[PDB]
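A.B. asks: got the complex split up, this is the first portion:
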Amino acid sequence: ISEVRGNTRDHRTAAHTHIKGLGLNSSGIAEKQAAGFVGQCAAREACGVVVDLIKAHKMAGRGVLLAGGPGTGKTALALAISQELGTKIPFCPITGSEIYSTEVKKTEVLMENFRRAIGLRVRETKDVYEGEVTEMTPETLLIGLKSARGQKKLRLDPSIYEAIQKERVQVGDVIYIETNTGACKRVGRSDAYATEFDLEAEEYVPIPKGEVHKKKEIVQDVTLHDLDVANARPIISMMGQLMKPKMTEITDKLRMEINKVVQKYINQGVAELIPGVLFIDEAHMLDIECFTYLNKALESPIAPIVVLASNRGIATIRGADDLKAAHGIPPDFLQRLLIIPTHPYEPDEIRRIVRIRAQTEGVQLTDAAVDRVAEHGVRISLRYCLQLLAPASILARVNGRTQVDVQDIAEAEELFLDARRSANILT
């Protein structure tokens, strides 16, 4: 579990790195401009209440729905819900279109995302005693350990004395003993007393490196999916390795081996598992079979916070014989969650956002350029205008400038056109 390192899809949250959380005071009322947020007071305060409902454990089989248009702070508020829940919490942003896979089933892909939303907080402090054995009999046992770069003799507690007698010991055996109720023995194992005659033996163990007394500090924050993806290999290259269509490395029997060891760490009290947040954009795209999986998922106490988002008003239920419902959510699951409405930003609110994103991205710009780009944030979507910051900075650097002006941003619209305008131009 120490070797297991967390691999996170940072490209999804890359557009929200400018947001630090949810800007609100002690009473609960949202601030005008805090934590990288502009406006959206009604929706900010609303989910600022749901974070408390999770903390108070009052979200008994409940979820959240973010109703609003494109670029209305939906995905942004979802990340704020995680950021406000605790430190190093799992946030899994998905889109209904991601479920629509070619090889894996509609929920074999929804399963790993649920595993990507449930984490594990580890806080294990162990006192290592590695090396050989040099027995002495006092009034309750003295053993001298020999390591690769050190030698130390220690007067063991009578608790260890009972544990060592159970697992046969002799002078010249490599051992791993722990003060925190730990007993492990390697009978006769020692590379020092190994002859070159026998090779197939493997009955000997090398002399442990460093010192005998070692203070092992384990502070690990990994999701359940990280445990599955690390135990699948028969690991640095794996962050860029996926070129295989089948993806048969993750099998149901491999997950059972993870579920049992995770349970063992909870029973010991070493590490407790912490459920996070599962965000589903394009919630209407989800099949009826997916919603019934979610209904079963929400009933489990281990389950994370299922936050959905739908840009549609009235939509046909996917997986049903054409049944129009609100946001495309079936009634069975619509009642299961509380709806939070996300309001569109007026031109005055849009330029306040631009200045925050430019400051984070590292793009210097004139006051007049912010006004021109905000005009595109109201005529077209908020995502399109925000995308104009990076090409205009290159166009300015090329012209020798650091400050981006109207002339530089005018070319950005000419070169990089939105999906709506690009279609109409072709006629």
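C.D. replies: Everything's here; your move. Residues are numbered from 1 along each chain as shown, chains lettered A, B, ... in the order given.

A.B. asks: Identify the bridge partners of the residue nearest to residue A:78 when sequence neighbours are not counted.
C.D. replies: The spatial neighbour of residue A:78 that comes closest, neighbours along the chain excluded (Cβ to Cβ, 6 or more residues apart in numbering), is residue A:279 at 4.2 Å. The way it works is simple: take the backbone N, C-alpha and C, and place the C-beta from them, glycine included. In this structure, residue A:279 bridges to residue A:93, residue A:307 when assessed by DSSP bridges.

A.B. asks: Tell me who's in contact with residue A:279.
C.D. replies: Counting by Cβ atoms under 8 Å, 6 or more residues apart in numbering, residue A:279 makes contact with A:75, A:78, A:79, A:91, A:92, A:93, A:94, A:307, A:308, A:309.

A.B. asks: Save those residues as CSV, and put in distance to residue A:335 and neighbour count too.
C.D. replies: Compiled in CSV, these are given as follows (distance: Cβ to Cβ, whole Å; neighbours: other Cβ atoms under 10 Å):
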residue, distance to residue A:335, neighbour count
A:75, 24, 21
A:78, 21, 26
A:79, 26, 23
A:91, 25, 24
A:92, 24, 25
A:93, 25, 23
A:94, 22, 23
A:307, 16, 30
A:308, 13, 29
A:309, 18, 26
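
A.B. asks: can I get those in a markdown table with distance to residue A:161?
C.D. replies: Output for those, formatted as a markdown table (distance: Cβ to Cβ, whole Å):
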| residue | distance to residue A:161 |
| --- | --- |
| A:75 | 59 |
| A:78 | 55 |
| A:79 | 54 |
| A:91 | 49 |
| A:92 | 49 |
| A:93 | 54 |
| A:94 | 55 |
| A:307 | 54 |
| A:308 | 58 |
| A:309 | 61 |
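
A.B. asks: Chain B next, sequence below:
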Amino acid sequence: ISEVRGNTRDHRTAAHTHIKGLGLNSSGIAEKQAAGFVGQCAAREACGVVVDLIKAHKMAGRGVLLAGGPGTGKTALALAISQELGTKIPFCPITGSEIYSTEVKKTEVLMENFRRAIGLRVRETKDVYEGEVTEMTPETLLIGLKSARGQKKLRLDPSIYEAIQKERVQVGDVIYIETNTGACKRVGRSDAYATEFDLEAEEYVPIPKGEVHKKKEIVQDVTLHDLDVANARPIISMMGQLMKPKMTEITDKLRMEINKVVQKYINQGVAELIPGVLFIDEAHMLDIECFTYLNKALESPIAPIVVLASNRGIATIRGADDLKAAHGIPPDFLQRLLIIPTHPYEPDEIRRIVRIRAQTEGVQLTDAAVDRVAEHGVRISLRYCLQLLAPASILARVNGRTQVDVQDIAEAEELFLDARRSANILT
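C.D. replies: Okay, chain B now, added to the rest:
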């Protein structure tokens, strides 16, 4: 091992029940008449020295040979060697003719006889604590056990507390705990909380009979062959059950399972194994392959005392291309042992023996009848005259008498004739 009961061939030692051991004083000199012995002072004292050599552990790869005619106290002195070694020691009397089997090999039969000569002295005293669990948390643990006829609460030592935490416990579990460094748990097992719905479960254990606190006394004296013959069954009928020609119940893999558990009882210090005596009559009948097995056997420290007996002077070595040797023992094995000569008894010595056997067998006889039967002990063998005691007692009981006279013993010779006289009569 408690269920394992010792089955011994009492018919072989039946003719020597009249002998209690070896009659000798503190200095070592043999008595005229003691322990059921008459004469044979030279041979009695000789093996009365070998018993001390075994006790002093000076019999380093050594044995004993009893050279003498038929009925010269050979088998009798061998039993005396066991009787003088210790209490409840194994004595295995064999004849060279027994090795000559139809199914098993010459040493597959010599092996079990060696297993019949190495015993195990057990002295285990255990403090049983059987019943359910009713946990209480004091300052190091209080558990109340519930048995079929009793209930008791006990304040356990902190040593048991560490052992119980290793093997998962809950309230209402049947447990077997020991004060003599013993820990055994049956997780969730209890017949009290068993529903009639599940049958294939077998996860529950019945409530232990009697009281919770039980003092188990185990004093067992069994040979290595007893452990093999009891573990062979998949046991009272077995004392008379042997009707199978193959005898495939005892396999090499079954013996390995006995060798490992016996070793475990020695390592714990519960029971130590004690080597006895292996007596081989008709030593000349043994094959050269048998003597090489004995040579390898005598070198082992676990080996019993190999006492041989040969009635032959110069005899050809069995298993060799006609090579005459002393007593039929090959030189390699002749040097390996010390020879004890057994002198034939004079008529005066024979009637002294008769009076001892008659007193043990329960046969009342006149002084004149002892003289007439002693005349047959000198003209014919000592075994033949000793055999005349039982039929003559029946002939006397039939005549209404309790005392056996000359007339009664005269008919016994007429009815039951020796092997020599029966042959010559036929002409």
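
A.B. asks: Mind checking what secondary structure the closest residue in space to residue A:287 that isn't next to it in sequence has?
C.D. replies: Once flanking residues are discounted, residue A:287 sits nearest to residue A:319: 4.1 Å by Cβ to Cβ, 6 or more residues apart in numbering or on different chains. Three-state assignment for residue A:319 (DSSP: H, G, I helix; E, B strand; the rest coil): coil.

A.B. asks: isn't residue A:319 right next to residue A:292, touching?
C.D. replies: No - using Cβ atoms under 8 Å as the test, residue A:319 is too far from residue A:292 to be in contact (9.0 Å).

A.B. asks: gap between the residue nearest to residue A:287 and residue A:284?
C.D. replies: 12 Å (Cβ to Cβ, to the nearest Å).

A.B. asks: And those two? Which one has more around it.
C.D. replies: residue A:284 (21 against 15; other Cβ atoms under 10 Å in any protein chain shown).

A.B. asks: what's near enough to touch the closest residue to residue A:35 other than its chain neighbours?
C.D. replies: Using Cβ to Cβ, 6+ apart and skipping the chain neighbours, the partner closest in space to residue A:35 is residue A:23 (3.9 Å). Counting by Cβ atoms under 8 Å, 6 or more residues apart in numbering or on different chains, residue A:23 touches A:30, A:31, A:33, A:34, A:35, A:36, A:37, A:44.

A.B. asks: can you give me phi and psi for the closest residue to the last one other than its chain neighbours?
C.D. replies: Leaving aside its chain neighbours, residue A:44 sits nearest to residue A:30 (4.2 Å; criterion: Cβ to Cβ, 6+ apart). Geometry field for residue A:30 lists phi and psi as phi -70, psi 140, criterion degrees, to the nearest 10.
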